[PDB]
Amino acid sequence: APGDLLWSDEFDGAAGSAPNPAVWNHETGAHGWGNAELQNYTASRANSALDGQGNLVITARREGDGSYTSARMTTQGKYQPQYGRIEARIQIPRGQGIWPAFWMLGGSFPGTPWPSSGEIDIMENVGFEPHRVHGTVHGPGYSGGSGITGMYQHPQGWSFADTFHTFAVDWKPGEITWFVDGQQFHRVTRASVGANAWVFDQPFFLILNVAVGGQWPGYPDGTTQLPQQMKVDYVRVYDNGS
Ligand SMILES: [Ca+2]
């Protein structure tokens, strides 16, 4: 039935546990991420672990050698949904240069290169916009600066980093609609990509990360307070009649 929970990671477990490897991969390294990002993604529990309170915590840190570490976790090859309401409940980090995201890449990536394999950004935030999040799709002929994007601001001039909020896409054949705290803020359909190919009617895998630095967010400054935590209470996929 519509609204049935089809799949989830609720991040149950004791404080200091690793994320479940049957669900998540850790991407690693400080190269190739594009966007002039600074962070070195690691598989260390210093950058991703459960908190014992039912949350995944991804932590961006500055190391003694001046490098920044964080985590970038994906479900590639482990869980690849096609359609559904894809929702995470997240308390995002804050501060200049911090760039948290919950997003998806097409299952055919990288054999089908980006952006032909598709990318759906469910939530992105940049530190200089504590009251805003963005949702975007990238596809062939509509990618990068030409990604089809929308923005949601607030609540009541408040910072998203203050507490948990929900971020979702209601994803069906030929349509994606974005919701923050159950409120619509963006929508894209086969009809809005012009004469370009629609690449979203296929399985995608899920990604959670916190970047440090980038062309969009800019870079840490003297006000940036590290370490910063992104806390994720759950990632869920609900039946939506697809
Ligand atoms: Ca939980």
# chains A, B, ... in the order shown; residues from 1 in each chain; ligands from 1

call {"tool": "residues_near_ligand", "arguments": {"ligand": "ligand 1", "cutoff": "10 Å", "atoms": "only C-alpha atoms and all ligand atoms", "output": "MDAnalysis selection string"}}
result
chainID A and resid 8:13 50:56 89 231:235

call {"tool": "residues_around", "arguments": {"residues": "residue A:36", "least_positions_apart": "5", "cutoff": "10 Å", "atoms": "only C-alpha atoms", "output": "list in words"}}
result
residues 31, 212, 213, 214, 215, 216, 218 and 219 of chain A

call {"tool": "residues_around", "arguments": {"residues": "residue A:42", "least_positions_apart": "2", "cutoff": "6 Å", "atoms": "only C-alpha atoms", "output": "MDAnalysis selection string"}}
result
chainID A and resid 28 44 71

call {"tool": "residues_around", "arguments": {"residues": "stretch 45-49 of chain A", "least_positions_apart": "2", "cutoff": "12 Å", "atoms": "only C-alpha atoms", "output": "ChimeraX atom specification"}}
result
/A:11-21,24-28,39-43,51-63,68-73,208-211,227-232

call {"tool": "closest_residue", "arguments": {"among": "A:166, A:149, A:221, A:178", "to": "residue A:128", "atoms": "only C-alpha atoms"}}
result
A:221

call {"tool": "closest_atom_pairs", "arguments": {"of": "stretch 68-94 of chain A", "to": "stretch 108-114 of chain A", "cutoff": "12 Å", "atoms": "only C-alpha atoms", "output": "CSV"}}
result
residue,atom,partner,partner_atom,distance
A:76,CA,A:109,CA,9.3
A:77,CA,A:108,CA,10.3
A:80,CA,A:108,CA,10.5

call {"tool": "write_last_selection", "arguments": {"atoms": "C-alpha atoms", "output": "compact mmCIF listing (two decimals), in the first residue's frame"}}
result
# COMPACT_ATOMS: atom_id res chain seq x y z
CA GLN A 76 26.08 1.63 -4.60
CA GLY A 77 25.77 -2.08 -5.39
CA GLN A 80 19.46 0.79 -5.43

call {"tool": "residues_around", "arguments": {"residues": "residue A:237", "least_positions_apart": "4", "cutoff": "7 Å", "atoms": "only C-alpha atoms", "output": "PDB file with N, CA, C and O atoms, in the first residue's frame"}}
result
ATOM      1  N   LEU A   5       6.411   1.461   4.538  1.00  0.00           N
ATOM      2  CA  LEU A   5       7.866   1.586   4.525  1.00  0.00           C
ATOM      3  C   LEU A   5       8.464   0.371   3.827  1.00  0.00           C
ATOM      4  O   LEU A   5       8.300  -0.755   4.294  1.00  0.00           O
ATOM      5  N   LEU A   6       9.155   0.601   2.712  1.00  0.00           N
ATOM      6  CA  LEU A   6       9.722  -0.489   1.911  1.00  0.00           C
ATOM      7  C   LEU A   6      11.122  -0.882   2.357  1.00  0.00           C
ATOM      8  O   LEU A   6      11.497  -2.051   2.284  1.00  0.00           O
ATOM      9  N   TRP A   7      11.892   0.099   2.817  1.00  0.00           N
ATOM     10  CA  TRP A   7      13.279  -0.134   3.182  1.00  0.00           C
ATOM     11  C   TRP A   7      13.736   1.000   4.073  1.00  0.00           C
ATOM     12  O   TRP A   7      13.304   2.135   3.901  1.00  0.00           O
ATOM     13  N   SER A   8      14.595   0.699   5.037  1.00  0.00           N
ATOM     14  CA  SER A   8      15.228   1.781   5.777  1.00  0.00           C
ATOM     15  C   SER A   8      16.520   1.368   6.424  1.00  0.00           C
ATOM     16  O   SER A   8      16.778   0.175   6.641  1.00  0.00           O
ATOM     17  N   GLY A  84       9.699   5.838  -5.304  1.00  0.00           N
ATOM     18  CA  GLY A  84       9.359   5.835  -3.890  1.00  0.00           C
ATOM     19  C   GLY A  84       9.550   7.228  -3.324  1.00  0.00           C
ATOM     20  O   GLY A  84      10.089   8.109  -4.001  1.00  0.00           O
ATOM     21  N   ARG A  85       9.111   7.445  -2.092  1.00  0.00           N
ATOM     22  CA  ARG A  85       9.505   8.666  -1.400  1.00  0.00           C
ATOM     23  C   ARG A  85      10.782   8.340  -0.649  1.00  0.00           C
ATOM     24  O   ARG A  85      10.784   7.532   0.288  1.00  0.00           O
ATOM     25  N   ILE A  86      11.870   8.958  -1.094  1.00  0.00           N
ATOM     26  CA  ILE A  86      13.192   8.761  -0.516  1.00  0.00           C
ATOM     27  C   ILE A  86      13.419   9.884   0.477  1.00  0.00           C
ATOM     28  O   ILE A  86      13.520  11.047   0.067  1.00  0.00           O
ATOM     29  N   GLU A  87      13.496   9.551   1.764  1.00  0.00           N
ATOM     30  CA  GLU A  87      13.498  10.573   2.812  1.00  0.00           C
ATOM     31  C   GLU A  87      14.573  10.314   3.858  1.00  0.00           C
ATOM     32  O   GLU A  87      14.745   9.178   4.296  1.00  0.00           O
TER      33      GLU A  87
END

call {"tool": "atom_distance", "arguments": {"atom1": "atom CA of residue A:127", "atom2": "atom CA of residue A:167"}}
result
17.2 Å

call {"tool": "closest_atom_pairs", "arguments": {"of": "stretch 82-136 of chain A", "to": "stretch 195-202 of chain A", "cutoff": "9 Å", "atoms": "only C-alpha atoms", "output": "JSON lines"}}
result
{"residue": "A:82", "atom": "CA", "partner": "A:202", "partner_atom": "CA", "distance": 5.8}
{"residue": "A:83", "atom": "CA", "partner": "A:201", "partner_atom": "CA", "distance": 8.0}
{"residue": "A:106", "atom": "CA", "partner": "A:202", "partner_atom": "CA", "distance": 7.1}
{"residue": "A:107", "atom": "CA", "partner": "A:202", "partner_atom": "CA", "distance": 7.4}
{"residue": "A:108", "atom": "CA", "partner": "A:202", "partner_atom": "CA", "distance": 8.6}
{"residue": "A:116", "atom": "CA", "partner": "A:199", "partner_atom": "CA", "distance": 6.9}
{"residue": "A:117", "atom": "CA", "partner": "A:199", "partner_atom": "CA", "distance": 6.6}
{"residue": "A:118", "atom": "CA", "partner": "A:199", "partner_atom": "CA", "distance": 5.8}
{"residue": "A:119", "atom": "CA", "partner": "A:200", "partner_atom": "CA", "distance": 8.3}
{"residue": "A:120", "atom": "CA", "partner": "A:200", "partner_atom": "CA", "distance": 8.4}

call {"tool": "write_last_selection", "arguments": {"atoms": "N, CA, C and O atoms", "output": "PDB file, in the first residue's frame"}}
result
ATOM      1  N   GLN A  82      14.311   2.173  -7.097  1.00  0.00           N
ATOM      2  CA  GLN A  82      13.749   2.834  -8.264  1.00  0.00           C
ATOM      3  C   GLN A  82      12.336   3.289  -7.914  1.00  0.00           C
ATOM      4  O   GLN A  82      11.418   2.465  -7.806  1.00  0.00           O
ATOM      5  N   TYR A  83      12.183   4.598  -7.720  1.00  0.00           N
ATOM      6  CA  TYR A  83      10.924   5.233  -7.291  1.00  0.00           C
ATOM      7  C   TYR A  83      10.626   5.033  -5.811  1.00  0.00           C
ATOM      8  O   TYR A  83      11.208   4.164  -5.148  1.00  0.00           O
ATOM      9  N   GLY A 106      22.792   7.751 -10.582  1.00  0.00           N
ATOM     10  CA  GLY A 106      22.200   6.633 -11.301  1.00  0.00           C
ATOM     11  C   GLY A 106      23.010   5.359 -11.129  1.00  0.00           C
ATOM     12  O   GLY A 106      24.244   5.388 -11.085  1.00  0.00           O
ATOM     13  N   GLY A 107      22.313   4.229 -11.038  1.00  0.00           N
ATOM     14  CA  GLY A 107      22.965   2.938 -10.892  1.00  0.00           C
ATOM     15  C   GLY A 107      23.890   2.551 -12.040  1.00  0.00           C
ATOM     16  O   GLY A 107      24.767   1.702 -11.869  1.00  0.00           O
ATOM     17  N   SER A 108      23.694   3.158 -13.207  1.00  0.00           N
ATOM     18  CA  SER A 108      24.575   2.861 -14.334  1.00  0.00           C
ATOM     19  C   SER A 108      25.908   3.603 -14.256  1.00  0.00           C
ATOM     20  O   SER A 108      26.828   3.312 -15.016  1.00  0.00           O
ATOM     21  N   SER A 116      25.071  11.695 -17.817  1.00  0.00           N
ATOM     22  CA  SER A 116      24.127  10.844 -18.528  1.00  0.00           C
ATOM     23  C   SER A 116      23.521   9.786 -17.625  1.00  0.00           C
ATOM     24  O   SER A 116      22.410   9.314 -17.879  1.00  0.00           O
ATOM     25  N   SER A 117      24.239   9.407 -16.571  1.00  0.00           N
ATOM     26  CA  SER A 117      23.671   8.434 -15.648  1.00  0.00           C
ATOM     27  C   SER A 117      22.720   9.075 -14.646  1.00  0.00           C
ATOM     28  O   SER A 117      21.987   8.369 -13.961  1.00  0.00           O
ATOM     29  N   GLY A 118      22.722  10.403 -14.581  1.00  0.00           N
ATOM     30  CA  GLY A 118      21.787  11.129 -13.738  1.00  0.00           C
ATOM     31  C   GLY A 118      22.273  11.374 -12.319  1.00  0.00           C
ATOM     32  O   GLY A 118      22.977  10.552 -11.744  1.00  0.00           O
ATOM     33  N   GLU A 119      21.872  12.507 -11.755  1.00  0.00           N
ATOM     34  CA  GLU A 119      22.123  12.810 -10.350  1.00  0.00           C
ATOM     35  C   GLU A 119      20.911  13.533  -9.786  1.00  0.00           C
ATOM     36  O   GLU A 119      20.386  14.453 -10.414  1.00  0.00           O
ATOM     37  N   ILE A 120      20.452  13.105  -8.614  1.00  0.00           N
ATOM     38  CA  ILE A 120      19.328  13.755  -7.948  1.00  0.00           C
ATOM     39  C   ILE A 120      19.831  14.221  -6.592  1.00  0.00           C
ATOM     40  O   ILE A 120      20.152  13.399  -5.728  1.00  0.00           O
TER      41      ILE A 120
END

call {"tool": "residues_around", "arguments": {"residues": "residue A:179", "least_positions_apart": "2", "cutoff": "7 Å", "atoms": "only C-alpha atoms", "output": "mmCIF file with N, CA, C and O atoms, in the first residue's frame"}}
result
data_model
loop_
_atom_site.group_PDB
_atom_site.id
_atom_site.type_symbol
_atom_site.label_atom_id
_atom_site.label_comp_id
_atom_site.auth_asym_id
_atom_site.auth_seq_id
_atom_site.Cartn_x
_atom_site.Cartn_y
_atom_site.Cartn_z
ATOM 1 N N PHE A 167 14.180 15.581 4.707
ATOM 2 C CA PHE A 167 14.467 15.976 3.341
ATOM 3 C C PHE A 167 14.118 14.811 2.448
ATOM 4 O O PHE A 167 14.605 13.691 2.671
ATOM 5 N N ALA A 168 13.273 15.060 1.444
ATOM 6 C CA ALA A 168 12.796 13.958 0.604
ATOM 7 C C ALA A 168 12.616 14.318 -0.851
ATOM 8 O O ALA A 168 12.435 15.485 -1.197
ATOM 9 N N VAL A 169 12.651 13.291 -1.698
ATOM 10 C CA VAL A 169 12.031 13.384 -3.024
ATOM 11 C C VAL A 169 10.929 12.342 -3.143
ATOM 12 O O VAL A 169 11.103 11.191 -2.744
ATOM 13 N N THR A 177 9.552 15.276 -7.117
ATOM 14 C CA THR A 177 9.095 16.430 -6.353
ATOM 15 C C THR A 177 9.835 16.450 -5.024
ATOM 16 O O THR A 177 9.920 15.418 -4.354
ATOM 17 N N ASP A 181 10.586 18.894 5.330
ATOM 18 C CA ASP A 181 9.586 18.815 6.385
ATOM 19 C C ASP A 181 8.179 18.669 5.796
ATOM 20 O O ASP A 181 7.221 19.285 6.287
ATOM 21 N N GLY A 182 8.067 17.863 4.745
ATOM 22 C CA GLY A 182 6.790 17.545 4.124
ATOM 23 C C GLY A 182 6.215 18.646 3.264
ATOM 24 O O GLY A 182 5.068 18.558 2.834
ATOM 25 N N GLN A 183 7.014 19.678 3.001
ATOM 26 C CA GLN A 183 6.558 20.842 2.248
ATOM 27 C C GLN A 183 7.234 20.928 0.886
ATOM 28 O O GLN A 183 8.461 20.968 0.807
ATOM 29 N N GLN A 184 6.438 20.976 -0.183
ATOM 30 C CA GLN A 184 6.988 20.995 -1.542
ATOM 31 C C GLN A 184 7.778 22.275 -1.806
ATOM 32 O O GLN A 184 7.332 23.367 -1.421
ATOM 33 N N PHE A 185 8.943 22.145 -2.453
ATOM 34 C CA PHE A 185 9.725 23.335 -2.823
ATOM 35 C C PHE A 185 10.330 23.296 -4.228
ATOM 36 O O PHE A 185 10.868 24.297 -4.697
#

call {"tool": "closest_residue", "arguments": {"among": "A:241, A:93, A:66, A:34", "to": "residue A:170", "atoms": "only C-alpha atoms"}}
result
A:241

call {"tool": "atom_distance", "arguments": {"atom1": "atom CA of residue A:74", "atom2": "atom CA of residue A:180"}}
result
21.5 Å

call {"tool": "closest_residue", "arguments": {"among": "A:103, A:155, A:67, A:134", "to": "residue A:30", "atoms": "only C-alpha atoms"}}
result
A:67

call {"tool": "select_by_dssp", "arguments": {"residues": "stretch 92-175 of chain A", "states": "strand (DSSP E)", "output": "PDB file with C-alpha atoms, in the first residue's frame"}}
result
ATOM      1  CA  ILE A  98      30.803  23.309   5.320  1.00  0.00           C
ATOM      2  CA  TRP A  99      28.791  21.564   2.576  1.00  0.00           C
ATOM      3  CA  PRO A 100      26.507  18.672   3.687  1.00  0.00           C
ATOM      4  CA  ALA A 101      24.428  16.691   1.189  1.00  0.00           C
ATOM      5  CA  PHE A 102      21.960  13.836   0.771  1.00  0.00           C
ATOM      6  CA  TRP A 103      21.784  12.785  -2.846  1.00  0.00           C
ATOM      7  CA  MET A 104      21.680  10.040  -5.462  1.00  0.00           C
ATOM      8  CA  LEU A 105      23.532   8.883  -8.561  1.00  0.00           C
ATOM      9  CA  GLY A 106      22.200   6.633 -11.301  1.00  0.00           C
ATOM     10  CA  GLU A 119      22.123  12.810 -10.350  1.00  0.00           C
ATOM     11  CA  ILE A 120      19.328  13.755  -7.948  1.00  0.00           C
ATOM     12  CA  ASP A 121      20.361  16.077  -5.117  1.00  0.00           C
ATOM     13  CA  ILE A 122      17.740  15.714  -2.405  1.00  0.00           C
ATOM     14  CA  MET A 123      19.295  18.214   0.001  1.00  0.00           C
ATOM     15  CA  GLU A 124      22.351  20.401  -0.266  1.00  0.00           C
ATOM     16  CA  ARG A 132      18.347  27.586   3.083  1.00  0.00           C
ATOM     17  CA  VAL A 133      18.579  24.242   1.344  1.00  0.00           C
ATOM     18  CA  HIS A 134      18.597  23.325  -2.338  1.00  0.00           C
ATOM     19  CA  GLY A 135      17.360  20.425  -4.458  1.00  0.00           C
ATOM     20  CA  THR A 136      18.592  19.795  -8.005  1.00  0.00           C
ATOM     21  CA  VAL A 137      18.792  17.331 -10.859  1.00  0.00           C
ATOM     22  CA  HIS A 138      21.748  16.968 -13.214  1.00  0.00           C
ATOM     23  CA  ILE A 148      17.600  22.238 -12.695  1.00  0.00           C
ATOM     24  CA  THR A 149      17.428  23.549  -9.155  1.00  0.00           C
ATOM     25  CA  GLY A 150      15.068  24.909  -6.496  1.00  0.00           C
ATOM     26  CA  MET A 151      15.509  26.455  -3.063  1.00  0.00           C
ATOM     27  CA  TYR A 152      13.649  26.320   0.272  1.00  0.00           C
ATOM     28  CA  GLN A 153      14.250  28.950   2.948  1.00  0.00           C
ATOM     29  CA  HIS A 165      14.539  18.156   9.591  1.00  0.00           C
ATOM     30  CA  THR A 166      13.264  15.803   6.918  1.00  0.00           C
ATOM     31  CA  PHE A 167      14.467  15.976   3.341  1.00  0.00           C
ATOM     32  CA  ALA A 168      12.796  13.958   0.604  1.00  0.00           C
ATOM     33  CA  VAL A 169      12.031  13.384  -3.024  1.00  0.00           C
ATOM     34  CA  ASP A 170       8.715  11.846  -4.060  1.00  0.00           C
ATOM     35  CA  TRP A 171      10.043  10.014  -7.120  1.00  0.00           C
ATOM     36  CA  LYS A 172       7.798   8.401  -9.741  1.00  0.00           C
ATOM     37  CA  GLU A 175       8.540  13.105 -12.139  1.00  0.00           C
TER      38      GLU A 175
END

call {"tool": "atom_distance", "arguments": {"atom1": "atom CA of residue A:189", "atom2": "atom CA of residue A:236"}}
result
22.6 Å

call {"tool": "closest_residue", "arguments": {"among": "A:203, A:32, A:130, A:81", "to": "residue A:160", "atoms": "only C-alpha atoms"}}
result
A:130
